[PDB]
Amino acid sequence: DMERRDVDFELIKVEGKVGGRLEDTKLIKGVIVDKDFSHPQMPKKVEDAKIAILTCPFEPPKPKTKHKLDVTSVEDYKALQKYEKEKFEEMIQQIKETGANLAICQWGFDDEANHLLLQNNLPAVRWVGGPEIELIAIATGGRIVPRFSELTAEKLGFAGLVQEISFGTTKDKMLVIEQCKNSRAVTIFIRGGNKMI
Amino acid sequence: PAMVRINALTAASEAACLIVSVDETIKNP
Amino acid sequence: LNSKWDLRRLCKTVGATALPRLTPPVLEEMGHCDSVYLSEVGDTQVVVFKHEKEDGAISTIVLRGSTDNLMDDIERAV
Amino acid sequence: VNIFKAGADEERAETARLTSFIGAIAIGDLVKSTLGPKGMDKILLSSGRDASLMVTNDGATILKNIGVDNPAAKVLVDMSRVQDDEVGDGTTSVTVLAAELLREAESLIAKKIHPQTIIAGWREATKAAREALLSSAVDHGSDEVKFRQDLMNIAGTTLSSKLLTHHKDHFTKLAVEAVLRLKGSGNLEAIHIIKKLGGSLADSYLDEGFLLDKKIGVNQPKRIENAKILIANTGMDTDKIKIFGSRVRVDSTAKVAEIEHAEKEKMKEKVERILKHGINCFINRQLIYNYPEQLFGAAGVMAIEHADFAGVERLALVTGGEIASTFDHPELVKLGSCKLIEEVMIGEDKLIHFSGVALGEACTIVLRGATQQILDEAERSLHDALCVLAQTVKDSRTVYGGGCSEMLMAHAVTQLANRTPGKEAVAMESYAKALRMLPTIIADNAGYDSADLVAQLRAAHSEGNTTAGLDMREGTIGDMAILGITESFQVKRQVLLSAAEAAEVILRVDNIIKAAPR
Amino acid sequence: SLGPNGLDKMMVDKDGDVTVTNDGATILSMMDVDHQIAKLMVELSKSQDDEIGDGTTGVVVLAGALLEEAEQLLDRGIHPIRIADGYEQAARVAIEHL
Amino acid sequence: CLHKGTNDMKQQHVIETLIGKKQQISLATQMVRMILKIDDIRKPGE
Amino acid sequence: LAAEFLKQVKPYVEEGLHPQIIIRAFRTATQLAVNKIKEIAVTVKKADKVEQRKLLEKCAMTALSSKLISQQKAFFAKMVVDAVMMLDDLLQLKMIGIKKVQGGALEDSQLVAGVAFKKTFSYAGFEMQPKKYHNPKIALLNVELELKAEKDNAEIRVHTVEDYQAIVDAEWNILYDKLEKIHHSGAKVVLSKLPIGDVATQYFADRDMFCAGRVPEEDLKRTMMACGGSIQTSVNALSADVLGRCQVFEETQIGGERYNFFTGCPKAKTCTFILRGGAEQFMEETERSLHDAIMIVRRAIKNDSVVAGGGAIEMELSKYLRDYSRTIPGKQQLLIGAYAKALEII
């Protein structure tokens with residue numbers, strides 16, 4: 001912040017993964033997450049980066065106050081039974097209607113919803129760490145929606161490239177975000193042969 | 001400020017006046 | 001946080017009836033004092049009910065001095 | 001005067017130096033025996049686990065399960081573990097190589113030269129070496145003949161170190177075909193590695209299709225041909241409910257009576273939704289209740305439940321089916337198709353055979369053999385053997401092994417040792433000499449007289465025969481290109497680079513301090 | 001531990017964990033001292049570092065050598081109060097010169 | 001430091017913020033001032 | 001004072017002297033001593049060459065010229081005097097905060113004509129929103145902001161999914177409605193002793209308002225006493241009158257630490273002391289030094305009576321009593337001299 005003469009190092013993401021040489025260590029004008037796809041069948045790379053940021057997990061909403069429904073009749077189950085997947089259809093269209101391409105969610109998923117989410121070629125990330133998500137948003141310029149309904153194209157995140165990285169030869173992988181416009185956030189990726197190093 | 005030493009000596013005054021006014025001690029375990 | 005005694009004292013001081021019922025600010029059972037405030041003495045927050053009571057009051061005495069032990073003695077003689 | 005709490009230590013730059021070196025030397029010499037085509041393998045036993053014990057050849061696991069207090073050693077143990085996650089073998093090499101650095105570096109400590117210099121020259125010396133190595137690499141692209149030809153050459157080199165060595169040719173094909181089955185995918189998880197006692201080692205192999213270690217349901221067809229396959233994660237035995245936890249409150253048992261029934265219809269239609277896909281094989285990582293299974297049995301349609309995600313990955317990979325949910329649009333979901341599924345019994349258990357698979361993407365290797373540790377270490381061998389193998393696909397460039405290349409580096413530094421002139425040149429000598437010790441160690445475990453051979457091998461490389469190598473079945477110099485003693489450039493690169501850093505850190509310290517343990 | 005030719009340290013954690021480093025604060029951070037003034041140095045560098053960063057490569061080196069020297073005048077029996085004063089003035093001279 | 005015959009650390013580019021040392025020396029000064037300021041300690045037995 | 005008074009009589013204690021005798025003079029000596037203090041006490045407001053603070057300025061310099069910051073008394077003296085100039089007329093130390101900020105030269109320690117926060121906490125967008133508000137309006141909420149996190153405990157009963165649907169939507173609209181009240185206030189900074197829903201921060205970030213929760217009420221109490229605005233529990237009954245205003249708000253990194261800055265309020269009877277310092281022990285020690293400096297001048301503000309230091313007072317007293325002892329014959333006389341004889345020690 002030249003205008004302020006300052007910089008918060010929280011805007012800086014220090015990230016080092018062991019392996020490889022030291023010189024492989026590299027800044028990334030973007031974000032890398034200790035996360036792969038919510039579904040393994042999801043494609044490894046994305047060219048376009050219509051990015052979505054929500055905190056609400058892909059589940060029946062539950063107003064955290066002490067609350068529980070009181071099913072009595074068959075149709076009570078039936079309409080309830082109807083609504084469950086009907087509800088999942090709702091956000092499925094809602095995100096698809098947003099015209100986005102890739103998503104990220106703070107928490108876990110419903111596998112049924114997760115499969116459906118694959119089912120329209122919309123890769124995402126779930127169980128995503130808090131700051132990191134915020135690192136994404138500033139990196140992509142995006143916002144965080146607590147809802148699908150209030151989510152619109154305008155808040156959608158965008159980037160140049162995102163591609164998960166199979167950095168480990170026999171370990172699980174990472175995902176990195178090659179945003180290409182201006183980013184008030186940036187991350188450094190560190191590699192080398194020793195943990196202490 | 002005067003009060004500092006003012007209170008000082010007075011508090012000291014009673015202290016000994018307190019102090020000198022005892023002839024023995026008693027202890028309980 | 002006044003204990004039962006404290007309000008019992010205070011109720012008598014103002015002569016006003018304490019109300020277990022929150023609503024009814026009865027005129028007749030209502031407080032009346034010459035002056036009430038907070039003061040600071042000895043770096044101690046002090047709630048002050050400065051009073052002028054012709055009918056006769058349950059007054060309070062101020063102990064000032066260094067040694068609390070002296071105070072406890074001095075009040076005991078007092 | 002006492003400064004820290006009792007039980008805290010402060011060793012300064014002679015005691016600190018030595019003990020760091022002592023254990024490091026212990027690390028090296030403890031493990032030198034295990035690398036080399038004529039190397040040995042070690043046995044590790046639990047303190048108490050009912051003797052959870054492992055005969056092991058790979059030092060990394062050997063390093064993994066050894067508890068060592070020398071912090072510098074723990075550096076090396078982790079150091080190899082990184083390499084182990086890099087290439088698997090050569091943990092053998094890397095650690096022991098780094099040690100001779102340390103052993104020889106200590107000699108220069110006796111020579112009393114500031115180590116800050118030692119860092120510089122070796123860093124320089126390393127710079128020449130890795131370039132020198134890079135100058136020696138070999139590519140093979142569309143040359144599938146030579147590529148696949150060399151590809152198997154790479155395996156046996158890696159493989160001619162473990163207990164399976166008497167059958168190198170066999171498993172060579174195994175890893176080759178399996179690795180080629182990866183079609184450039186590197187995910188070793190696409191290969192399952194099933195181990196079970198019984199059979200000779202030679203009897204182990206890789207299926208033409210896929211096998212599964214799970215139980216069939218109720219009397220569904222045991223064998224299925226031209227199979228239609230489905231995979232899901234939607235739980236059945238765990239009845240699909242509404243996570244929030246609505247109650248069901250009713251005045252009359254009739255209401256709950258129909259609801260139990262209503263759940264039954266809810267359950268039943270879900271299956272008929274599944275069935276609408278016209279699929280005779282379905283699977284799920286979930287445990288599945290038997291009642292739907294009876295409906296599946298009512299369909300005469302076979303299904304398997306509760307096979308964990310990893311196999312599910314494998315199944316989707318081998319069959320191309322898309323693990324799904326709620327199955328709402330059969331046309332929008334691609335099933336999995338295979339020529340045949342049958343139940344075949346191995347050793348003691350029936351295993352789930354998948355013949356005529358759509359995709360060779362996934363695979364699984366049969367392990368018949370002698371010992372848990374034998375099977376275990378055989379498992380250990382291949383996983384690394386594949387591990388290099390994929391990077392070989394990942395980077396299709398090669399280098400000749402058998403110590404020769406390492407000698408080429410040493411000779412290159414030997415030359416640059418002269419262009420140095422200065423104190424560093426001594427470290428240049430030291431660095432190059434240490435490398436030459438490695439093949440010597442190999443010749444050592446082969447029991448041939450190392451002394452002449454390295455000296456002679458140095459001569460030919462000093463002459464310029466970069467392909468002259470070392471004989472491991474007769475003990476002499478030889479043409480590795482003729483003998484196919486080759487390995488990944490990336491491997492030895494990480495070998496060199498990591499040890500170089502390992503050298504750096506170990507020297508740079510001049511005081512160890514241990515806190516009082518809790 | 002100071003300077004390009006400086007040589008750094010390896011620390012051993014109570015739980016058997018290890019760390020090699022040069023950052024003096026971190027060096028002191030891992031250190032388990034018992035002497036009280038020592039802890040002041042530890043926080044001294046810590047406060048200095050998160051204020052600045054390295055330089056902790058040499059910060060305490062300033063401290064002790066001055067203190068090491070400071071004793072010599074104590075050997076000359078000069079009162080530390082007066083000694084404190086000049087040092088402060090001396091430092092003020094230093095900064096305005098710097 | 002790297003044995004180059006130029007003491008011109010400007011040419012050698014060896015540079016440092018004024019702030020770094022300035023705080024550093026002043027900070028240390030403040031510490032040692034207290035360091036001298038103490039005379040007595042009563043340590044409780046462990 | 002005491003032990004020396006104890007000390008000199010101790011030999012007289014060896015003489016079997018009734019302590020009552022001894023204390024009798026002690027009361028006599030002190031009382032007689034005390035009045036002479038009052039008599040030779042010094043005021044300035046009758047005189048002409050005093051600015052109301054110079055004497056206070058002198059007293060602290062005198063007061064400060066013993067503790068650990070002795071070389072910078074001329075520095076801090078102005079700070080505290082003008083700072084204490086703000087304390088009117090509650091005059092209590094609780095108002096003014098002390099910020100024991102680690103690191104930095106104590107000569108760089110700050111006094112802000114406002115409040116800063118040594119504290120914060122990380123929520124989602126807490127970094128994202130603007131951190132400069134040149135002429136902002138300050139909201140002070142005690143009430144938390146979250147979807148029924150810790151509110152009244154109640155079970156709810158609903159058959160219809162849509163009503164179930166409607167309810168969870170409604171719970172959100174609750175928080176939105178406060179936030180709408182929050183936003184439509186037109187202010188820019190909201191503070192809460194209580195936790196705040198992360199999402200609202202985004203809404204505040206979306207609408208570029210600043211917020212902060214989990215705040216110390218004490219500093220919040222300063223804040224309301226600083227900016228004059230009123231802390232609120234009711235979002236709905238809000239109005240701009242209770243809404244704080246400040247000359248400028250900021251938030252700055254200091255010692256790496258994440259602080260929140262706002263000052264310049266012309267009518268702010270409360271300030272706060274940013275206390276840079278690189279030793280943990282310095283902080284409390286300075287604060288204790290700082291603490292004494294404040295309370296002492298506070299009485300000085302209360303009492304326009306001064307005396308010289310440097311032991312002169314006591315020597316004057318000892319002399320006066322010394323001559324006075326000549327007046328009083330007998331056993332008391334010996335006590336008086338020793339009373340003086342102990343007196344001079346300082």
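Note on numbering: every chain is counted from 1 along its sequence as written, possibly out of step with the entry's scheme, and residues lacking coordinates are dropped from view. Ligands are numbered from 1 and chains lettered from A, in the order in which they are written. Scope of values: the displayed chains only, which are part of a larger assembly. As a rule here, side-chain values come from all non-hydrogen atoms in the structure, and water together with hydrogens is ignored.

What the entry reports as its method is cryo-EM, with 6.2 Å given for the resolution.

In the nomenclature of the PDB entry, chain D is known as T-complex protein 1 subunit beta of Homo sapiens. In its PDB record the entry is named "Human TRiC/CCT complex with reovirus outer capsid protein sigma-3". The heading Catalytic activity in the UniProt record of chain D holds the text "ATP + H2O = ADP + phosphate + H(+)". UniProt positions are given in the numbering used here, feature names are shortened, and annotations may be inferred rather than shown by experiment.

By the naming in the PDB entry, chain C goes by T-complex protein 1 subunit theta and is assigned to Homo sapiens.

Undergrad: Help me understand the overall build of chain D, please; the structure alone is not making it clear to me.
TA: Every helix listed is a DSSP run of H or I at least four residues long, and every strand listed is a run of E at least two residues long, numbered separately from the N terminus. Along chain D, the regular secondary structure elements total 16 helices and 19 strands. Considered along the principal axes of its C-alpha atoms, chain D spans approximately 95 × 70 × 40 Å. Note on contacts: a residue pair is in contact if any heavy atoms of the two residues lie within 4.5 Å. Considering only residue pairs separated by 6 or more positions, chain D has 75% of its internal contacts joining residues 24 or more positions apart. Across chain D, the centroid of the 61 positively charged side chains sits 3 Å from that of the 71 negatively charged ones. Charge assignment: positive for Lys and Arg, negative for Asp and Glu; neither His nor the chain ends contribute. Where a charge sits is defined by one atom per residue type, namely NZ (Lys), CZ (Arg), CG (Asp) or CD (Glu).

Undergrad: What exactly am I supposed to notice about the sheet that holds strand 4 (residues 138-139) of chain D here?
TA: One key point about sheets: their strands pair by backbone hydrogen bonds, in either a parallel or an antiparallel sense. All names here are of chain D. Spatially, the three strands line up as an open sheet ordered 4-15-18, and their pairing is antiparallel. Each of the sheet's edge strands pairs with one partner strand only, and the pair in question is strand 4 and strand 18 (486-488). Direction of pairing for strand 4 relative to strand 15 (residues 397-400): antiparallel, over a ladder of two bridges. When the bridges of strand 15 are listed, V138 appears paired with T398. All axes are obtained by fitting lines to C-alpha atoms, using only the stretch in contact for helices, and the reported angles, taken between N-to-C directions, cover 0 to 180 degrees. Its contacts with the sheet put helix 16 (residues 489-508) on strand 15 and strand 18, and the angle it makes with strand 18 is roughly 70°. One bridge is not enough; two strands pair if DSSP finds at least two bridges between them.

Undergrad: When you look at the packing of helix 3 (residues 59-75) of chain E against helix 1 (residues 18-37) of chain F in this model, what are you seeing that I'm missing?
TA: When two helices pack together, their arrangement is given by the angle between the helix axes and by the axis-to-axis distance. At their nearest, the axes of helix 3 of chain E and helix 1 of chain F sit 9 Å apart, and the two run at 40° to each other. Relative to helix 1 of chain F, helix 3 of chain E is oriented oblique. In this structure, helix 3 of chain E crosses over helix 1 of chain F, and the sense of that crossing is right-handed. Residues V59, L62, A63, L66, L67 and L74 of chain E of helix 3 of chain E form the contact with helix 1 of chain F, whose own contacting residues are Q24, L27, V32, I35 and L36 of chain F. Note on residue classes: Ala, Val, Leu, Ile, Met, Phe, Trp, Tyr, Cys and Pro are nonpolar, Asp, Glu, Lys and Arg are charged, and everything else, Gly too, is polar. Grouping the amino acids of the contact of helix 3 of chain E with helix 1 of chain F by side-chain chemistry returns ten nonpolar, one polar and no charged. To sort the angles, those under 35 degrees are grouped as roughly parallel, those over 145 as roughly antiparallel, those from 65 to 115 as roughly perpendicular, and the leftovers as oblique. With the far helix as reference, a near helix turned anticlockwise by less than a right angle produces a left-handed crossing, and one turned clockwise produces a right-handed crossing.

Undergrad: How should I be thinking about the UniProt feature "binding site: ATP" in chain D in this particular structure?
TA: Residue and element names in this part refer to chain D. Those residues carrying the UniProt feature "binding site: ATP" are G36, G90, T91, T92, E487 and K492 in this numbering. In this structure, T91 sits in helix 4 (residues 91-111). Not counting chain neighbours up to four residues away, the residues in contact with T91 comprise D58, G59, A60, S80, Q83 and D84. Any N or O atom pair separated by 3.5 Å or less is treated as a polar contact, with the protein-specific requirement of one donor-capable and one acceptor-capable atom, and with residues adjacent in sequence counted only for side-chain atom pairs. Within the local environment of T91, its side chain forms a polar contact with the side chain of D58, the two groups lying 2.5 Å apart. Position of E487 relative to the elements: it lies in strand 18. Throughout, exposure labels follow a simple rule: accessible area from a 1.4 Å probe, protein chains only, divided by the maximum for the residue type, with under 20% read as buried, over 50% as exposed, and the rest as partly exposed. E487 gets classed as buried once you look at its relative accessible area, which sits at 10%. Residues contacting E487, with those up to four places away along its chain left out, are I154, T398, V399, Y400, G401 and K492.

Undergrad: Got a minute to help me understand the sheet that holds strand 11 (residues 186-190) of chain A in this structure?
TA: Residues and elements named next belong to chain A. If you walk across this open sheet you meet the three strands as 1-11-2, and the pairing is mixed. In the strand order of this sheet, the two ends are held by strand 1 (12-16) and strand 2 (26-28), each with one partner. The sheet shows a mean angle of 20° between the axes of neighbouring strands, direction not considered. Across five bridges, strand 1 lies against strand 11 in parallel orientation. Directly across from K13, in strand 11, lies its bridge partner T187.

Undergrad: When you look at the side chain of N260 of chain G in this model, what are you seeing that I'm missing?
TA: Residues and elements named next belong to chain G. Structurally, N260 can be placed in strand 11 (residues 260-263). Classification of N260 by relative accessible area gives buried; the value is 2%. Apart from the residues within four sequence positions on either side, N260 is in contact with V115, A116, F117, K119, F210, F249, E250 and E251.

Undergrad: Is there a simple way to think about the nonpolar core in this case?
TA: Within soluble globular proteins, side chains that are nonpolar tend to cluster in buried spots. With 48 residues, the main nonpolar core has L76, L101, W122, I506 and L507 of chain D together with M10 of chain E as its most contacted residues. Where this core is concerned, the elements lending two or more residues are helix 1 (15-31), helix 3 (71-86), helix 4, helix 5 (115-134), helix 12 (404-419), helix 13 (423-445) and helix 16 of chain D together with strand 2 (18-21) of chain E. The dominant element in this core, judged by the number of residues it contributes, is helix 16 of chain D, at ten residues. Every residue in contact with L507 of chain D, bar those within four places of it in the chain, is listed here: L102, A105, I118, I119 and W122 of chain D. The definition of a nonpolar core used throughout is a set of buried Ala, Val, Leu, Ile, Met, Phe, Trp, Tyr and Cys residues joined through side-chain atoms within 4.5 Å.

Undergrad: Looking at this model, I keep getting lost on a nonpolar patch on the surface. Mind explaining?
TA: Judged by side-chain polarity, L10, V36, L38, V47 and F49 of chain C together with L90 of chain G come together as a nonpolar surface patch covering roughly 510 Å² of accessible area. At the level of secondary structure, the elements contributing two or more residues to the nonpolar patch comprise strand 1 (35-41) and strand 2 (44-50) of chain C. Inspection of the secondary structure assignment puts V36 of chain C in strand 1. By relative accessible area, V36 of chain C is classed as partly exposed at 43%. For patches, a residue must show more than 30% relative accessible area and have no salt bridge; joins then use 9 Å for like charges and 5 Å for nonpolar side chains, namely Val, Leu, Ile, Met, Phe, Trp and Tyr. Computed with a 1.4 Å probe, the accessible areas rest on the Shrake-Rupley method; for each residue, only the protein chains presented here act as cover. Salt bridge, as used here: a side-chain nitrogen of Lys or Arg that lies within 4 Å of a carboxyl oxygen of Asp or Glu.

Undergrad: Looking at this model, I keep getting lost on the side chain of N70 of chain D. Mind explaining?
TA: Residues and elements named next belong to chain D. When you line up the elements, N70 lands in the loop between helix 2 (59-65) and helix 3. A distance of 2.8 Å separates a polar side-chain atom of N70 from the backbone nitrogen of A72. Residues contacting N70, with those up to four places away along its chain left out, are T19, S20, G23 and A24.

Undergrad: For this particular structure, what's the right way to read the packing of aromatic side chains?
TA: Two numbers describe a pair of aromatic rings. These are the distance of the centres and the angle of the planes. Aromatic pairs are defined between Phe, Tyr and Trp rings, using the six-membered ring for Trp, whenever the two ring centres lie within 6.5 Å; interplanar angles under 30 degrees are classed as stacked, those over 60 as edge-to-face, and all others as tilted. All chains considered together, the criterion is met by 19 aromatic pairs over all chains. Here, a charge over a ring means that NZ of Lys or CZ of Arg falls within 6 Å of the ring centre while also lying within 35 degrees of the ring normal. The ring of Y291 of chain D carries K264 of chain D above its face, with NZ or CZ at 5.1 Å from the centroid. Across the ring face of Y203 of chain G, the terminal group of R207 of chain G is positioned such that the distance to the ring centre comes to 4.4 Å.

Undergrad: For this particular structure, what's the right way to read the domain arrangement of chain D?
TA: Buried accessible area, meaning the area lost when the parts come together, often serves as the stated size of an interface. Residue and element names in this part refer to chain D. Delimitation of the domains relies on an automatic or database domain assignment. For chain D, the domain assignment lists domain 1 (9-139 + 396-516), domain 2 (140-214 + 353-395) and domain 3 (215-352). On a C-alpha basis, the centres of domain 2 and domain 3 stand 32 Å from each other. Counting from both sides, the interface comprises 21 residues of domain 2 and, opposite them, 26 residues of domain 3. Buried area is a sum: the accessible area each of two parts loses on coming together, probed at 1.4 Å, counted once for each and added. Of all residues in domain 2, the largest losses of buried area upon contact with domain 3 belong to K214, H353 and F354, amounting jointly to 31% of the total for that side. At the junction of domain 2 and domain 3, the tally comes to two salt bridges. At the boundary of domain 2 and domain 3, one finds eleven residue pairs in polar contact.

Undergrad: Please clarify how unusual backbone geometry should be interpreted in this entry.
TA: Across residues other than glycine, the phi torsion is negative in most instances, and most of the peptide bonds are trans. Across the junction of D88 of chain G and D89 of chain G, the peptide omega takes the value -5°, indicating a cis bond. As for its position among the elements, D89 of chain G is in the loop between helix 4 (73-84) and strand 1 (97-99). Even without being a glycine, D50 of chain D presents a positive backbone phi close to 60°. On the secondary structure map, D50 of chain D appears in the loop between strand 2 (42-45) and strand 3 (53-56). Judged by its relative accessible area of 82%, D50 of chain D is exposed. Not every positive phi belongs to a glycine, and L91 of chain G is a case in point at roughly 65°. Looking at the secondary structure, you find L91 of chain G in the loop between helix 4 and strand 1.

Undergrad: What's the story with the environment of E144 of chain G in this structure? I'm lost.
TA: All names here are of chain G. Positionally, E144 belongs in the loop between strand 4 (137-141) and helix 5 (161-184). Spatially, the C-alpha atoms of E144 and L55 are 47 Å apart, while their sequence positions differ by 89 residues. The contacts of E144, once residues within four sequence positions are left out, are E150, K151, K178, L194, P195 and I196. Within the structure, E144 has its side chain in polar contact with the backbone nitrogen of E146 (distance 2.6 Å).

Undergrad: Help me out: how do you make sense of the pairing of strand 8 (residues 224-232) of chain D in this one?
TA: Note on strand geometry: in a regular strand, side chains alternate between the two faces of the sheet. Residue and element names in this part refer to chain D. In this structure, strand 8 lies alongside strand 12 (residues 336-346), joined through five bridges in antiparallel fashion. Bridge pairing in strand 12 links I229 to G336. Note that strand 8 and strand 10 (residues 281-284) share four bridges and pair parallel. In the sheet register, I231 faces strand 10, and the bridge partner there is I283.

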